[PDB]
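**Student:** My structure file run-v8.pdb, PDB, C-alpha atoms, is below:
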```pdb
ATOM      1  CA  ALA A 151      -7.573  47.101 -51.976  1.00  0.00           C
ATOM      2  CA  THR A 152      -3.935  47.680 -51.016  1.00  0.00           C
ATOM      3  CA  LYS A 153      -4.990  50.346 -48.510  1.00  0.00           C
ATOM      4  CA  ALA A 154      -7.583  47.984 -47.030  1.00  0.00           C
ATOM      5  CA  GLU A 155      -4.964  45.232 -46.811  1.00  0.00           C
ATOM      6  CA  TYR A 156      -2.559  47.664 -45.128  1.00  0.00           C
ATOM      7  CA  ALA A 157      -5.135  48.352 -42.409  1.00  0.00           C
ATOM      8  CA  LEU A 158      -5.619  44.614 -41.864  1.00  0.00           C
ATOM      9  CA  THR A 159      -1.882  44.082 -41.368  1.00  0.00           C
ATOM     10  CA  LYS A 160      -1.671  47.137 -39.104  1.00  0.00           C
ATOM     11  CA  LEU A 161      -4.590  45.930 -36.974  1.00  0.00           C
ATOM     12  CA  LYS A 162      -3.078  42.434 -36.743  1.00  0.00           C
ATOM     13  CA  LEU A 163      -0.453  43.745 -34.304  1.00  0.00           C
ATOM     14  CA  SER A 164      -3.096  43.830 -31.560  1.00  0.00           C
ATOM     15  CA  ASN A 165      -3.712  40.075 -31.754  1.00  0.00           C
ATOM     16  CA  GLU A 166       0.018  39.336 -31.623  1.00  0.00           C
ATOM     17  CA  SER A 167       0.502  41.630 -28.619  1.00  0.00           C
ATOM     18  CA  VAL A 168      -2.272  40.050 -26.546  1.00  0.00           C
ATOM     19  CA  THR A 169      -1.022  36.591 -27.549  1.00  0.00           C
ATOM     20  CA  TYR A 170       2.408  37.417 -26.120  1.00  0.00           C
ATOM     21  CA  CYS A 171       0.851  38.636 -22.869  1.00  0.00           C
ATOM     22  CA  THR A 172      -1.385  35.555 -22.737  1.00  0.00           C
ATOM     23  CA  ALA A 173       1.591  33.238 -23.260  1.00  0.00           C
ATOM     24  CA  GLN A 174       3.635  35.177 -20.696  1.00  0.00           C
ATOM     25  CA  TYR A 175       0.864  34.795 -18.113  1.00  0.00           C
ATOM     26  CA  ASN A 176       0.660  31.045 -18.755  1.00  0.00           C
ATOM     27  CA  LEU A 177       4.400  30.590 -18.199  1.00  0.00           C
ATOM     28  CA  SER A 178       4.478  32.776 -15.084  1.00  0.00           C
ATOM     29  CA  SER A 179       1.317  31.455 -13.398  1.00  0.00           C
ATOM     30  CA  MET A 180      -0.271  28.383 -14.996  1.00  0.00           C
ATOM     31  CA  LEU A 181       2.821  26.219 -15.508  1.00  0.00           C
ATOM     32  CA  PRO A 182       4.228  26.492 -11.939  1.00  0.00           C
ATOM     33  CA  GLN A 183       0.762  25.821 -10.508  1.00  0.00           C
ATOM     34  CA  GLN A 184       0.356  22.687 -12.634  1.00  0.00           C
ATOM     35  CA  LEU A 185       3.708  21.420 -11.344  1.00  0.00           C
ATOM     36  CA  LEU A 186       2.391  21.577  -7.775  1.00  0.00           C
ATOM     37  CA  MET A 187      -0.718  19.684  -8.895  1.00  0.00           C
ATOM     38  CA  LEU A 188       1.381  16.904 -10.430  1.00  0.00           C
ATOM     39  CA  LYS A 189       3.547  16.550  -7.314  1.00  0.00           C
ATOM     40  CA  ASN A 190       0.519  16.005  -5.070  1.00  0.00           C
ATOM     41  CA  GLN A 191      -0.850  13.404  -7.489  1.00  0.00           C
ATOM     42  CA  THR A 192       2.507  11.606  -7.433  1.00  0.00           C
ATOM     43  CA  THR A 193       2.352  11.289  -3.642  1.00  0.00           C
ATOM     44  CA  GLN A 194      -1.218   9.962  -3.810  1.00  0.00           C
ATOM     45  CA  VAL A 195      -0.144   7.125  -6.120  1.00  0.00           C
ATOM     46  CA  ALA A 196       2.405   5.921  -3.562  1.00  0.00           C
ATOM     47  CA  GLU A 197      -0.207   6.011  -0.790  1.00  0.00           C
ATOM     48  CA  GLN A 198      -2.627   3.976  -2.905  1.00  0.00           C
ATOM     49  CA  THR A 199       0.242   1.553  -3.522  1.00  0.00           C
ATOM     50  CA  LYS A 200       0.675   1.275   0.251  1.00  0.00           C
TER      51      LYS A 200
ATOM     52  CA  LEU B 201      -7.650  10.063   3.701  1.00  0.00           C
ATOM     53  CA  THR B 202      -5.692   7.226   2.086  1.00  0.00           C
ATOM     54  CA  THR B 203      -3.285   7.261   5.037  1.00  0.00           C
ATOM     55  CA  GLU B 204      -6.206   6.994   7.465  1.00  0.00           C
ATOM     56  CA  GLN B 205      -7.594   3.992   5.575  1.00  0.00           C
ATOM     57  CA  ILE B 206      -4.274   2.224   6.225  1.00  0.00           C
ATOM     58  CA  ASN B 207      -5.035   2.017   9.946  1.00  0.00           C
ATOM     59  CA  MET B 208      -8.607   0.832   9.356  1.00  0.00           C
ATOM     60  CA  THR B 209      -7.371  -1.930   7.045  1.00  0.00           C
ATOM     61  CA  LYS B 210      -4.894  -3.065   9.703  1.00  0.00           C
ATOM     62  CA  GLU B 211      -7.578  -3.075  12.406  1.00  0.00           C
ATOM     63  CA  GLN B 212     -10.065  -4.966  10.229  1.00  0.00           C
ATOM     64  CA  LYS B 213      -7.294  -7.497   9.598  1.00  0.00           C
ATOM     65  CA  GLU B 214      -7.075  -8.114  13.349  1.00  0.00           C
ATOM     66  CA  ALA B 215     -10.822  -8.777  13.481  1.00  0.00           C
ATOM     67  CA  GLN B 216     -10.370 -11.367  10.733  1.00  0.00           C
ATOM     68  CA  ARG B 217      -7.330 -12.768  12.554  1.00  0.00           C
ATOM     69  CA  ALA B 218      -9.456 -13.123  15.702  1.00  0.00           C
ATOM     70  CA  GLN B 219     -10.902 -16.175  13.972  1.00  0.00           C
ATOM     71  CA  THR B 220      -8.674 -19.229  13.426  1.00  0.00           C
ATOM     72  CA  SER B 221      -6.053 -17.614  15.677  1.00  0.00           C
ATOM     73  CA  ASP B 222      -5.751 -16.534  19.311  1.00  0.00           C
ATOM     74  CA  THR B 223      -2.897 -14.060  18.726  1.00  0.00           C
ATOM     75  CA  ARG B 224      -2.717 -10.812  16.785  1.00  0.00           C
ATOM     76  CA  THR B 225      -0.134  -9.985  14.121  1.00  0.00           C
ATOM     77  CA  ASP B 226       2.302  -8.619  16.710  1.00  0.00           C
ATOM     78  CA  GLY B 227       1.762 -11.805  18.745  1.00  0.00           C
ATOM     79  CA  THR B 228      -0.254 -10.534  21.713  1.00  0.00           C
ATOM     80  CA  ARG B 229      -3.319 -12.479  22.809  1.00  0.00           C
ATOM     81  CA  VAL B 230      -6.676 -11.131  21.656  1.00  0.00           C
ATOM     82  CA  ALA B 231      -8.583  -9.594  24.567  1.00  0.00           C
ATOM     83  CA  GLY B 232     -11.292  -7.405  22.999  1.00  0.00           C
ATOM     84  CA  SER B 233     -14.943  -8.201  22.401  1.00  0.00           C
ATOM     85  CA  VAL B 234     -14.100 -11.440  20.586  1.00  0.00           C
ATOM     86  CA  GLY B 235     -11.804 -12.444  23.444  1.00  0.00           C
ATOM     87  CA  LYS B 236     -14.581 -11.860  25.967  1.00  0.00           C
ATOM     88  CA  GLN B 237     -17.006 -13.796  23.756  1.00  0.00           C
ATOM     89  CA  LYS B 238     -14.732 -16.853  23.775  1.00  0.00           C
ATOM     90  CA  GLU B 239     -14.531 -16.798  27.579  1.00  0.00           C
ATOM     91  CA  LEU B 240     -18.332 -16.897  27.778  1.00  0.00           C
ATOM     92  CA  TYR B 241     -18.307 -20.052  25.647  1.00  0.00           C
ATOM     93  CA  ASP B 242     -15.797 -21.676  28.007  1.00  0.00           C
ATOM     94  CA  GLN B 243     -18.043 -20.976  30.999  1.00  0.00           C
ATOM     95  CA  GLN B 244     -21.088 -22.227  29.085  1.00  0.00           C
ATOM     96  CA  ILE B 245     -19.263 -25.413  28.047  1.00  0.00           C
ATOM     97  CA  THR B 246     -18.395 -26.111  31.683  1.00  0.00           C
ATOM     98  CA  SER B 247     -21.959 -25.223  32.691  1.00  0.00           C
ATOM     99  CA  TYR B 248     -23.411 -27.792  30.281  1.00  0.00           C
ATOM    100  CA  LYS B 249     -21.006 -30.446  31.568  1.00  0.00           C
ATOM    101  CA  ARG B 250     -21.790 -29.512  35.174  1.00  0.00           C
TER     102      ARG B 250
END
```
Reformat the file's structure so that it appears as structure tokens.

**Tutor:**
Amino acid sequence: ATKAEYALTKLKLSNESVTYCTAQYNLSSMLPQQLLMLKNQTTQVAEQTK
Amino acid sequence: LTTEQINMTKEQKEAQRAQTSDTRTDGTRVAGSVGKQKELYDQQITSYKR
């Protein structure tokens, strides 16, 4: 049982590694793109106000 | 597209202002289709009197 649990902990490193890469991709690509989306929406609100 | 609708709203306002008023928002006399239509009435009014 301890040996089986050791393998589970050892294999768990893969999920943590891909999670870090997934989070890194979101910060580098998704977040800046969403900022551009919000800016365009902000301008549209002013035009609708006009 | 919202910016383009600004001009259409202004122009449709002038069509509404053609009634109950002989001058546009800027103050110039209306001379378009409605202006020509009014002139026809003036000739017809004189024609009936004549």

**Student:** Go through the shown structure with the ChimeraX specification (/B :<12) & /A and write out the matching residues as a PyMOL selection string.

**Tutor:** chain A and resi 193-200

**Student:** Separation of atom CA of residue 232 of chain B and atom CA of residue 247 of chain B, in Å?

**Tutor:**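 It comes out at 22.9 Å.
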
**Student:** Build an axis-aligned box that encloses every atom of segment 206-211 of chain B listed in the file, pad it by 4 Å on each side, and report its centre and edge lengths in Å to one decimal, as JSON.

**Tutor:**
```
{"center_x": -6.4, "center_y": -0.4, "center_z": 9.3, "size_x": 12.3, "size_y": 13.3, "size_z": 14.2}
```

**Student:** Could you tell me how far atom CA of residue 228 of chain B lies from atom CA of residue 245 of chain B, in Å and to one decimal?

**Tutor:**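 Calculated distance between atom CA of residue 228 of chain B and atom CA of residue 245 of chain B is 25.0 Å.
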
**Student:** For residue 219 of chain B, find every residue with an atom within 12 Å (counting all atoms listed in the file), except residues of its own chain fewer than 6 positions away, and show them as a PyMOL selection string.

**Tutor:** chain B and resi 212-213+230+234-235+237-238

**Student:** Separation of atom CA of residue 211 of chain B and atom CA of residue 229 of chain B, in Å?

**Tutor:**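 If I compute the distance from atom CA of residue 211 of chain B to atom CA of residue 229 of chain B, I get 14.7 Å.
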
**Student:** How about completing segment 155-167 of chain A with N, CA, C and O atoms and giving it to me as a JSON list (two decimals), keeping the file's coordinate frame?

**Tutor:**
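This went into out.json:
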```json
[["chain", "number", "residue", "atom", "x", "y", "z"],
["A", 155, "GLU", "N", -5.87, 46.27, -47.29],
["A", 155, "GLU", "CA", -4.96, 45.23, -46.81],
["A", 155, "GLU", "C", -3.94, 45.79, -45.84],
["A", 155, "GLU", "O", -3.55, 45.11, -44.89],
["A", 156, "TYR", "N", -3.49, 47.03, -46.06],
["A", 156, "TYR", "CA", -2.56, 47.66, -45.13],
["A", 156, "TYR", "C", -3.18, 47.83, -43.75],
["A", 156, "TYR", "O", -2.52, 47.61, -42.73],
["A", 157, "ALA", "N", -4.45, 48.22, -43.69],
["A", 157, "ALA", "CA", -5.14, 48.35, -42.41],
["A", 157, "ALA", "C", -5.24, 47.01, -41.71],
["A", 157, "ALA", "O", -5.09, 46.92, -40.48],
["A", 158, "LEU", "N", -5.51, 45.94, -42.46],
["A", 158, "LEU", "CA", -5.62, 44.61, -41.86],
["A", 158, "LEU", "C", -4.30, 44.18, -41.23],
["A", 158, "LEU", "O", -4.28, 43.65, -40.12],
["A", 159, "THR", "N", -3.19, 44.40, -41.93],
["A", 159, "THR", "CA", -1.88, 44.08, -41.37],
["A", 159, "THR", "C", -1.58, 44.95, -40.15],
["A", 159, "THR", "O", -1.05, 44.46, -39.15],
["A", 160, "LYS", "N", -1.91, 46.24, -40.23],
["A", 160, "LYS", "CA", -1.67, 47.14, -39.10],
["A", 160, "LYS", "C", -2.48, 46.72, -37.88],
["A", 160, "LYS", "O", -1.97, 46.73, -36.76],
["A", 161, "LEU", "N", -3.75, 46.35, -38.09],
["A", 161, "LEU", "CA", -4.59, 45.93, -36.97],
["A", 161, "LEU", "C", -4.17, 44.58, -36.41],
["A", 161, "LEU", "O", -4.46, 44.29, -35.25],
["A", 162, "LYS", "N", -3.47, 43.76, -37.20],
["A", 162, "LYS", "CA", -3.08, 42.43, -36.74],
["A", 162, "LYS", "C", -2.07, 42.49, -35.61],
["A", 162, "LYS", "O", -1.88, 41.48, -34.91],
["A", 163, "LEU", "N", -1.41, 43.63, -35.40],
["A", 163, "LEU", "CA", -0.45, 43.74, -34.30],
["A", 163, "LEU", "C", -1.12, 43.57, -32.95],
["A", 163, "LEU", "O", -0.49, 43.09, -32.00],
["A", 164, "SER", "N", -2.40, 43.95, -32.83],
["A", 164, "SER", "CA", -3.10, 43.83, -31.56],
["A", 164, "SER", "C", -3.23, 42.37, -31.14],
["A", 164, "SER", "O", -3.04, 42.04, -29.96],
["A", 165, "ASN", "N", -3.57, 41.49, -32.08],
["A", 165, "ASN", "CA", -3.71, 40.08, -31.75],
["A", 165, "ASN", "C", -2.38, 39.47, -31.33],
["A", 165, "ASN", "O", -2.33, 38.64, -30.42],
["A", 166, "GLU", "N", -1.29, 39.86, -31.99],
["A", 166, "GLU", "CA", 0.02, 39.34, -31.62],
["A", 166, "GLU", "C", 0.44, 39.83, -30.24],
["A", 166, "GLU", "O", 1.05, 39.08, -29.47],
["A", 167, "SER", "N", 0.12, 41.08, -29.91],
["A", 167, "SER", "CA", 0.50, 41.63, -28.62],
["A", 167, "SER", "C", -0.21, 40.91, -27.48],
["A", 167, "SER", "O", 0.42, 40.53, -26.49]]
```
